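Report on one structure; see the data block that follows.
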Amino acid sequence: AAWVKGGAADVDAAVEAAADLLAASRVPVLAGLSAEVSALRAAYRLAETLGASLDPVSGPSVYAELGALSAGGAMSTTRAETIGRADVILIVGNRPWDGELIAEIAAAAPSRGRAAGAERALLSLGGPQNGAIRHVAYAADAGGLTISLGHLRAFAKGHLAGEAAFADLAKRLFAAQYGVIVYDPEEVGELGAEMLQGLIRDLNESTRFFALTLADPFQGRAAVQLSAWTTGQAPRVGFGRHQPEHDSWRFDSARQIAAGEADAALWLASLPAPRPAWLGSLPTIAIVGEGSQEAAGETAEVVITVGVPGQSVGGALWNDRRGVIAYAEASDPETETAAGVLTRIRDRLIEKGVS
Amino acid sequence: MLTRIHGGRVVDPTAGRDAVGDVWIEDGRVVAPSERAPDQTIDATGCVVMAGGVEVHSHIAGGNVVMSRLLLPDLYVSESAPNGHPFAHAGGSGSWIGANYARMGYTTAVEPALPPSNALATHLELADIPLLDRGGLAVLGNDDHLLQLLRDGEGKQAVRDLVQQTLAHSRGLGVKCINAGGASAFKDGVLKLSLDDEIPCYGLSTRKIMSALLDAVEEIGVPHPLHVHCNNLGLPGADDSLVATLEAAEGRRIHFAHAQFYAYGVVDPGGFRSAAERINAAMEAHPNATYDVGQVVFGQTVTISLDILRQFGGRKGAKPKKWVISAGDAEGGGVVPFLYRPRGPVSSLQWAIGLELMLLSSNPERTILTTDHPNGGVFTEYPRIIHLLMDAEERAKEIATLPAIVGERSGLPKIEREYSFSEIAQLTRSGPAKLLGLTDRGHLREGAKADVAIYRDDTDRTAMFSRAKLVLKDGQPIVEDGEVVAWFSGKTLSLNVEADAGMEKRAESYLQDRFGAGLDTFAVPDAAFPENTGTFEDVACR
Amino acid sequence: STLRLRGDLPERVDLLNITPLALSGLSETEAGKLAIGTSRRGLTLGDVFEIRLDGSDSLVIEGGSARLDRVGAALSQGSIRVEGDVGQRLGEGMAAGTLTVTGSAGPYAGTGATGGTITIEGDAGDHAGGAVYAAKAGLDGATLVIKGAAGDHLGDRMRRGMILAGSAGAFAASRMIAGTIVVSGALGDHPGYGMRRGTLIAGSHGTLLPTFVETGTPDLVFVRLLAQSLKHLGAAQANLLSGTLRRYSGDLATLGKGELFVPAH
Ligand SMILES: [Zn+2]
Ligand SMILES: [Zn+2]
């Protein structure tokens with residue numbers, strides 16, 4: 001069911017109302033982008049015809065990692081190979097402790113590689129001092145994790161005197177066979193990640209070390225993958241000049257809305273995502289799942305309920321465990337898809353351009 | 001719809017045709033000359049007519065190709081495209097590489113690094129490439145599953161079941177191997193690896209894995225032989241590694257990828273000599289062997305390879321000084337940007353060896369032309385290499401600017417033979433399709449797919465092959481006078497093979513204990529693609 | 001040549017290649033039709049400004065908004081004066097010349113500037129003198145003068161040139177490749193994070209990184225030269241080098257070749 005103005009149920013007419021809203025605006029925005037790859041593909045295809053900008057909700061976490069690797073590069077590994085091969089694991093921050101990943105590592109020793117079957121050492125920087133899982137915790141510096149990360153690299157480079165807290169940590173890291181530093185780029189920051197990735201480059205002068213960059217839970221990592229092969233650049237790209245302009249600052253939806261540059265915006269949230277709270281200020285088109293609380297017609301000017309991928313309809317989603325795009329079939333599900341709506345709005349916008 | 005293309009010099013080396021004549025195509029396929037009036041007639045004044053270009057080795061899709069566009073947003077120039085097809089002029093995008101291949105007359109492009117782990121995202125990326133038909137080569141030889149099978153000695157039957165399962169689940173055209181065991185050795189602290197060197201934790205050579213994959217490929221019957229990425233890429237002395245790997249095949253059908261990077265002589269026991277003559281000699285002594293060159297193009301580019309062992313070795317030579325190495329699951333991948341200096345003593349030799357290998361070949365069908373895009377160079381330079389092979393006076397024009405080392409360490413200025421159109425058709429259409437097993441693509445005889453490339457004659461072959469007068473995809477015109485007119489999606493070629501039911505349940509228990517997820521995360525369902533069941537086209541196994 | 005801003009900007013505007021060298025070549029009526037708008041609806045130079053043109057290397061924009069991106073970018077000749085505030089990327093890739101702004105400036109101002117002098121009489125935004133996304137370097141040789149106070153990440157990944165700021169925010173001189181930054185007054189917390197090479201001089205300073213070690217109070221010949229360089233340019237930061245200074249070595253996470261000078265007491 002759809003909603004236009006005061007509760008207009010018709011799905012076809014809601015597509016026409018969304019096409020009229022996007023055509024009348026000069027600066028359009030496509031925020032959210034938490035859905036299937038087919039919907040992301042249709043959203044980027046619509047923005048190319050519209051001349052709009054895009055910004056996933058995972059924006060800050062995505063560009064915290066992208067900002068450090070587009071300038072400094074990366075030395076990374078996967079979750080399965082960390083559980084399978086790593087003998088010493090450094091856990092930076094509190095966010096990696098949320099998932100079951102930390103318990104899977106502790107429960108079983110590595111099963112593959114040179115260090116398979118050896119005793120596993122778990123070191124933590126900035127994590128809780130007392131945990132159910134036994135680990136060696138190292139106190140974070142007063143400045144923060146980013147200051148601690150730079151502090152730690154100095155001991156690893158041999159630039160700072162011995163007998164310090166991070167000096168023992170540096171000694172334990174270099175004495176490795178398969179080293180993995182697990183961190184969340186959101187909480188660590190662009191500068192800390194580039195430092196963290198540099199610390200790994202210094203560690204690889206002696207033994208093999210890698211980074212387990214944590215993934216966002218709002219499909220942002222798949223949006224990067226798709227946008228990269230569709231536009232040639234990362235997300236936050238604008239098509240005002242028919243060519244994809246990448247500008248992490250200019251096409252930041254949070255920045256655009258607060259300044260007042262964007263007239264209209266399209267919200268893509270087939271899977272649960274945090275509400276942006278600006279939907280009421282400017283005319284918005286909300287493509288959301290049927291189960292979500294955002295289904296009601298008060299949230300946005302035009303609201304279209306689509307099929308939740310992995311629950312009511314099939315779709316290729318980012319797999320948290322696997323670390324790649326995988327197709328998730330519907331768990332006990334004719335309903336409309338977010339890709340089918342964005343394509344129909346694009347077809348109606350093209351139809352208006354001819355006559 | 002009946003179409004008649006007369007007046008042009010039709011070049012088809014598989015039938016022996018190098019003379020002007022008619023080409024009749026009906027219902028998207030080449031038919032015998034019908035004595036009835038055709039619906040449309042295409043006039044080619046001169047305009048040498050060739051088959052659809054086939055690309056065998058080009059890094060066009062994958063997680064690593066995504067990473068390269070993130071690391072180097074400046075690599076490919078995006079021009080303003082008013083009234084142009086979406087993303088066709090957006091430099092680096094899948095649509096950009098698709099449209100640019102069609103402009104040169106190429107209608108088929110094969111991806112050599114299809115990872116079985118991230119198969120869906122690689123195929124979703126391949127599907128988004130427009131116009132061309134595409135293919136993916138499943139990569140084996142570095143995943144724990146196959147290596148545990150070889151470590152225990154499960155037998156040639158058991159290995160066949162696993163190679164069949166992976167080919168089916170990943171929807172790949174053929175089998176590839178990128179430095180067998182090099183990844184499972186780099187993860188265990190190994191930096192250099194040779195074809196015989198024992199790899200840690202499995203106690204096996206890389207020839208042991210290659211010989212096992214060579215058995216499986218012959219047994220299953222893949223029309224394309226084993227696509228092989230040898231040991232010690234780019235290291236002085238790889239001529240010794242490629243040759244010993246060729247002799248390790250024991251007469252089996254193989255294909256060496258980007259062999260140019262291996263023809264580096266050892267000379268003094270600080271420098272390196274060209275080994276093109278040594279490799280071309282071994283290629284004639286082994287008739288079952290084939291190889292694609294991988295010619296080096298001067299300028300800024302990026303090297304995308306799943307040989308993490310070698311990409312980590314040359315990581316410090318990256319220009320700009322930034323690199324992404326990922327060691328994950330099987331091989332992961334390594335992306336380091338590289339600039340081939342326009343006057344560089346190393347770059348000029350690499351550029352000379354690429355041509356020398358092609359100029360020495362007796363049969364260009366076995367010496368397929370590639371750039372190893374983008375590792376060696378950008379694929380848009382194919383018209384230049386064709387111009388350099390066909391024209392001897394332009395080859396000496398380029399050699400005049402390069403330093404003396406080119407003549408003193410290669411011998412390319414001494415070999416002054418020109419290449420013909422029939423031999424260029426062996427490089428770009430005939431040879432590549434015969435290798436890949438696509439019987440209906442390399443030629444223009446009655447029975448072929450209507451993939452036609454018409455180039456307007458020019459003394460400057462660079463312009464002749466850069467903008468094709470007319471290119472046809474299954475009978476429909478896609479580009480005219482070098483500009484794309486049509487915009488539709490092709491089909492991904494996947495070998496039709498059935499996964500063993502007893503092997504599928506055996507792999508399921510393995511994947512659940514290593515990853516925590518079933519086969520569905522590795523599967524490539526039709527419902528994920530924009531064209532449900534219309535994205536793939538079956539290929540029969542010989 | 002004077003461009004009188006008619007009014008408030010409805011969208012972001014890109015003033016690239018709007019250099020007096022380019023305007024002089026184009027006809028006065030033809031120059032008005034030049035589109036500078038970001039959006040699909042766009043905006044032409046005539047819609048935004050009242051164009052008065054003459055064959056000169058001097059340009060003056062009368063009136064300014066924070067939506068003037070890439071103003072003075074790739075400037076190779078002459079001068080451009082903005083009587084007002086400006087947007088991001090002040091003189092991106094400026095080859096040579098002079099670029100003065102009466103008001104304040106947007107973020108990423110001064111990126112990739114090779115030569116010339118960019119002067120902001122107001123305050124600079126975040127990432128002032130810093131590298132943009134994926135950029136190889138920030139300031140790459142043009143000297144940047146900020147009479148006011150810069151925000152966070154001043155001189156971020158700076159490669160060459162000189163920055164003359166009144167006051168500076170946190171994480172100043174981060175990821176610095178090389179250069180010299182002299183802020184006359186306050187400096188934010190954690191300065192020079194990831195510094196490889198370069199010279200940072202400040203009057204006040206916040207909390208220093210644990211990877212910065214003090215060398216002492218050394219009378220160096222370079223300091224004498226840098227002082228005379230600031231005196232000749234008329235810098236207010238010239239007085240800061242008169243007295244004896246305290247030195248700190250560049251961040252030990254990267255190669256520790258950078259430095260930081262602060263007055264003794
Ligand atoms: Zn490869
Ligand atoms: Zn390769």
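Just so we're on the same page: first chain in the structure tokens is A, next is B, and so on; residues restart at 1 for each chain, and ligands are numbered from 1 in the order they show up.
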
Specify as number ranges by chain all residues of chain A found within 9 Å of chain C, counting only C-alpha atoms. A: 25-28, 50-52, 66-72, 143, 147-160, 191, 194-195, 198-199, 239-242, 247-250, 260-262

At most 10 Å from ligand 1 (only C-alpha atoms and all ligand atoms): residue list as an MDAnalysis selection string: chainID B and resid 57:59 64 111:114 139 176:179 229 257:258 303:308 333:334 372:373 375

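Across B:479, B:77, B:325, B:173, the tightest approach to chain A is made by B:325 when counting only C-alpha atoms.
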
Using DSSP on the backbone, list every residue of stretch 231-449 of chain B that comes out as alpha helix (DSSP H), and give them as a ChimeraX atom specification. /B:238-248,276-285,308-313,345-360,382-390,392-401,405-409,421-425,431-436

Can you work out which residues from chain A touch chain B at a cut-off of 8 Å (counting only C-alpha atoms) and hand them back as a compact mmCIF listing (two decimals) with N, CA and C atoms, in the first residue's frame?
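Done, and the output landed in selection.txt:
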# COMPACT_ATOMS: atom_id res chain seq x y z
N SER A 38 19.96 -4.81 -6.26
CA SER A 38 19.09 -4.43 -7.36
C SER A 38 18.46 -3.06 -7.12
N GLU A 48 21.26 9.05 -12.16
CA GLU A 48 21.92 9.42 -13.40
C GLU A 48 20.97 10.16 -14.33
N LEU A 66 37.15 4.48 3.77
CA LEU A 66 37.52 4.87 2.41
C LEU A 66 38.52 6.03 2.41
N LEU A 69 42.04 4.54 3.11
CA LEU A 69 42.61 3.60 2.16
C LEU A 69 42.79 4.19 0.76
N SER A 70 42.01 5.22 0.39
CA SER A 70 42.24 5.87 -0.89
C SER A 70 43.54 6.66 -0.90
N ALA A 71 44.09 6.98 0.27
CA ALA A 71 45.35 7.71 0.39
C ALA A 71 46.51 6.87 0.92
N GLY A 72 46.23 5.89 1.78
CA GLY A 72 47.27 5.09 2.39
C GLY A 72 47.25 3.61 2.04
N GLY A 73 46.15 3.14 1.46
CA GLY A 73 46.04 1.73 1.15
C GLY A 73 45.60 0.92 2.35
N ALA A 74 45.71 -0.40 2.21
CA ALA A 74 45.24 -1.30 3.25
C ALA A 74 45.98 -2.63 3.17
N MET A 75 45.95 -3.36 4.29
CA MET A 75 46.52 -4.71 4.43
C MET A 75 45.50 -5.51 5.24
N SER A 76 44.59 -6.19 4.54
CA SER A 76 43.41 -6.73 5.21
C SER A 76 43.32 -8.25 5.08
N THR A 77 42.45 -8.82 5.91
CA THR A 77 42.13 -10.24 5.92
C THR A 77 40.63 -10.39 6.08
N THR A 78 40.16 -11.63 6.10
CA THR A 78 38.74 -11.92 6.25
C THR A 78 38.46 -12.51 7.63
N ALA A 80 36.80 -15.35 8.37
CA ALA A 80 37.05 -16.79 8.45
C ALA A 80 38.53 -17.10 8.60
N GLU A 81 39.38 -16.35 7.90
CA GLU A 81 40.81 -16.60 8.01
C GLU A 81 41.39 -16.06 9.31
N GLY A 84 40.47 -18.80 11.51
CA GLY A 84 41.16 -19.98 11.07
C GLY A 84 42.67 -19.96 11.22
N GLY A 113 46.75 -23.07 8.54
CA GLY A 113 47.96 -22.27 8.50
C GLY A 113 49.06 -22.77 9.41
N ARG A 114 50.17 -22.03 9.37
CA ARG A 114 51.36 -22.37 10.15
C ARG A 114 51.06 -22.41 11.64
N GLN A 177 52.74 -15.09 14.08
CA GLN A 177 52.74 -15.90 12.87
C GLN A 177 51.67 -15.45 11.88
N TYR A 178 50.48 -15.12 12.38
CA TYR A 178 49.38 -14.58 11.58
C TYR A 178 48.68 -13.56 12.49
N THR A 207 56.79 -10.14 10.43
CA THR A 207 55.83 -11.24 10.34
C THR A 207 54.58 -10.75 9.62
N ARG A 208 53.73 -11.70 9.23
CA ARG A 208 52.54 -11.38 8.46
C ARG A 208 51.43 -10.86 9.37
N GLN A 225 30.66 -1.29 -3.22
CA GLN A 225 30.97 -2.27 -4.25
C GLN A 225 30.20 -1.98 -5.54
N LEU A 226 28.89 -1.75 -5.43
CA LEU A 226 28.05 -1.51 -6.60
C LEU A 226 28.38 -0.17 -7.27
N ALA A 228 31.04 1.46 -7.25
CA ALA A 228 32.37 1.44 -7.85
C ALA A 228 32.34 0.89 -9.27
N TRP A 229 31.56 -0.17 -9.52
CA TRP A 229 31.51 -0.75 -10.85
C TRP A 229 30.45 -0.12 -11.75
N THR A 230 29.53 0.68 -11.20
CA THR A 230 28.51 1.36 -12.00
C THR A 230 28.95 2.76 -12.42
N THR A 231 29.48 3.55 -11.47
CA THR A 231 29.89 4.93 -11.72
C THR A 231 31.39 5.10 -11.95
N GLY A 232 32.20 4.14 -11.55
CA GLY A 232 33.64 4.30 -11.56
C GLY A 232 34.21 4.95 -10.32
N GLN A 233 33.36 5.37 -9.37
CA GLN A 233 33.78 6.00 -8.13
C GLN A 233 32.93 5.49 -6.98
N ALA A 234 33.38 5.81 -5.77
CA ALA A 234 32.76 5.48 -4.49
C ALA A 234 31.37 6.10 -4.42
N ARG A 241 26.13 17.19 -13.84
CA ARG A 241 26.79 17.48 -15.11
C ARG A 241 26.89 16.25 -16.01
N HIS A 242 25.90 15.34 -15.90
CA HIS A 242 25.81 14.10 -16.67
C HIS A 242 26.96 13.13 -16.40
N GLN A 243 28.03 13.59 -15.78
CA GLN A 243 29.10 12.68 -15.43
C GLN A 243 29.15 12.51 -13.92
N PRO A 244 29.60 11.36 -13.41
CA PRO A 244 29.57 11.16 -11.96
C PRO A 244 30.65 11.95 -11.24
N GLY A 314 13.03 -11.95 -1.94
CA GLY A 314 14.43 -12.29 -2.12
C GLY A 314 15.27 -11.10 -2.54
N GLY A 315 16.55 -11.17 -2.22
CA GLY A 315 17.46 -10.08 -2.54
C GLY A 315 18.90 -10.36 -2.16
N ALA A 316 19.84 -9.76 -2.89
CA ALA A 316 21.27 -9.92 -2.63
C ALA A 316 21.71 -8.88 -1.61
N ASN A 319 26.62 -9.96 3.34
CA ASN A 319 26.69 -11.01 4.35
C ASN A 319 27.71 -10.63 5.41
N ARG A 321 28.81 -12.38 8.00
CA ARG A 321 29.76 -13.45 8.26
C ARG A 321 30.71 -13.65 7.09
N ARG A 322 30.16 -13.72 5.87
CA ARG A 322 30.99 -14.03 4.71
C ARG A 322 31.85 -12.84 4.29
N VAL A 324 30.90 -10.59 1.86
CA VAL A 324 30.68 -10.35 0.43
C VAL A 324 29.18 -10.24 0.19
N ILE A 325 28.82 -9.90 -1.05
CA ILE A 325 27.41 -9.84 -1.45
C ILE A 325 26.92 -11.26 -1.73
N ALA A 326 25.79 -11.62 -1.11
CA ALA A 326 25.18 -12.93 -1.27
C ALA A 326 23.66 -12.78 -1.36
N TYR A 327 23.02 -13.71 -2.07
CA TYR A 327 21.58 -13.66 -2.29
C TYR A 327 20.86 -14.36 -1.14
N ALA A 328 20.00 -13.61 -0.44
CA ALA A 328 19.24 -14.12 0.68
C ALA A 328 17.79 -14.33 0.26

Every residue of stretch 345-542 of chain B that DSSP places in strand (DSSP E or B), as a PyMOL selection string: chain B and resi 367-368+373+449+452-454+470-473+476-480+483-484+489+492-495+536-539

Kindly export the residues of the current selection with N, CA, C and O atoms, as a compact mmCIF listing (two decimals), in the first residue's frame.
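This is the output file part-v8.txt:
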# COMPACT_ATOMS: atom_id res chain seq x y z
N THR B 367 49.70 -17.40 -30.02
CA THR B 367 50.33 -16.27 -29.36
C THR B 367 49.33 -15.12 -29.25
O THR B 367 49.55 -14.04 -29.80
N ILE B 368 48.23 -15.35 -28.52
CA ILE B 368 47.12 -14.40 -28.50
C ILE B 368 47.56 -13.05 -27.95
O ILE B 368 48.40 -12.96 -27.05
N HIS B 373 45.06 -6.36 -19.11
CA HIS B 373 44.44 -5.12 -18.65
C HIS B 373 44.04 -5.24 -17.18
O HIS B 373 43.32 -6.17 -16.80
N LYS B 449 28.22 -16.87 -35.17
CA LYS B 449 27.38 -15.80 -34.66
C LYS B 449 27.70 -14.50 -35.39
O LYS B 449 28.87 -14.21 -35.68
N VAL B 452 30.41 -9.05 -36.18
CA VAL B 452 31.17 -8.54 -37.32
C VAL B 452 31.80 -7.20 -36.93
O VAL B 452 31.15 -6.37 -36.29
N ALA B 453 33.05 -7.00 -37.34
CA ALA B 453 33.76 -5.75 -37.13
C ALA B 453 34.31 -5.25 -38.46
O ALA B 453 35.14 -5.92 -39.08
N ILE B 454 33.85 -4.07 -38.89
CA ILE B 454 34.25 -3.46 -40.16
C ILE B 454 35.07 -2.21 -39.86
O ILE B 454 34.56 -1.26 -39.25
N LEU B 470 31.68 -0.10 -38.50
CA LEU B 470 30.44 -0.77 -38.12
C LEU B 470 30.78 -2.04 -37.34
O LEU B 470 31.61 -2.84 -37.78
N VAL B 471 30.13 -2.21 -36.19
CA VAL B 471 30.24 -3.41 -35.37
C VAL B 471 28.84 -3.96 -35.11
O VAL B 471 27.92 -3.20 -34.81
N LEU B 472 28.69 -5.27 -35.25
CA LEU B 472 27.41 -5.95 -35.12
C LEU B 472 27.47 -6.96 -33.99
O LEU B 472 28.42 -7.74 -33.90
N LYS B 473 26.45 -6.94 -33.12
CA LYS B 473 26.32 -7.90 -32.02
C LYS B 473 25.07 -8.74 -32.29
O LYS B 473 23.94 -8.26 -32.12
N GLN B 476 22.63 -7.23 -34.84
CA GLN B 476 22.20 -5.87 -34.55
C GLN B 476 23.41 -4.93 -34.52
O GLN B 476 24.45 -5.29 -33.96
N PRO B 477 23.34 -3.75 -35.14
CA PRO B 477 24.48 -2.82 -35.10
C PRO B 477 24.57 -2.13 -33.74
O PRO B 477 23.60 -1.52 -33.27
N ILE B 478 25.75 -2.20 -33.13
CA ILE B 478 25.98 -1.58 -31.83
C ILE B 478 26.76 -0.28 -31.94
O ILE B 478 26.45 0.69 -31.25
N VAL B 479 27.76 -0.21 -32.83
CA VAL B 479 28.50 1.03 -33.03
C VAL B 479 28.60 1.30 -34.52
O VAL B 479 28.68 0.38 -35.34
N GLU B 480 28.57 2.59 -34.87
CA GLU B 480 28.64 3.05 -36.25
C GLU B 480 29.63 4.19 -36.33
O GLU B 480 29.52 5.17 -35.59
N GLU B 483 31.11 5.24 -33.02
CA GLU B 483 30.25 5.77 -31.97
C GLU B 483 29.13 4.78 -31.68
O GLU B 483 28.50 4.25 -32.60
N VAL B 484 28.90 4.52 -30.39
CA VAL B 484 27.93 3.52 -29.97
C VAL B 484 26.52 4.02 -30.24
O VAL B 484 26.16 5.15 -29.87
N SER B 489 22.06 -5.36 -23.08
CA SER B 489 22.88 -6.25 -22.27
C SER B 489 23.14 -7.56 -23.00
O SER B 489 22.27 -8.07 -23.71
N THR B 492 26.30 -13.79 -20.16
CA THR B 492 27.48 -14.39 -19.56
C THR B 492 27.56 -15.87 -19.91
O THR B 492 26.60 -16.62 -19.67
N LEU B 493 28.69 -16.29 -20.47
CA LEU B 493 28.89 -17.68 -20.86
C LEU B 493 29.34 -18.49 -19.65
O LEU B 493 30.36 -18.16 -19.02
N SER B 494 28.58 -19.53 -19.32
CA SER B 494 28.93 -20.44 -18.24
C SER B 494 28.87 -21.87 -18.75
O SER B 494 27.92 -22.25 -19.45
N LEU B 495 29.88 -22.66 -18.40
CA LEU B 495 29.92 -24.06 -18.80
C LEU B 495 28.81 -24.85 -18.11
O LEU B 495 28.70 -24.84 -16.88
N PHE B 536 22.53 -15.66 -18.44
CA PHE B 536 23.49 -16.73 -18.68
C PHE B 536 23.12 -17.52 -19.93
O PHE B 536 21.94 -17.66 -20.28
N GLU B 537 24.15 -18.01 -20.61
CA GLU B 537 23.99 -18.82 -21.82
C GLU B 537 24.90 -20.04 -21.69
O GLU B 537 26.10 -19.89 -21.44
N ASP B 538 24.32 -21.23 -21.83
CA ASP B 538 25.05 -22.46 -21.59
C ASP B 538 26.10 -22.72 -22.68
O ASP B 538 25.90 -22.40 -23.85
N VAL B 539 27.21 -23.32 -22.27
CA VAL B 539 28.28 -23.75 -23.17
C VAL B 539 28.52 -25.24 -22.96
O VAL B 539 28.71 -25.68 -21.82
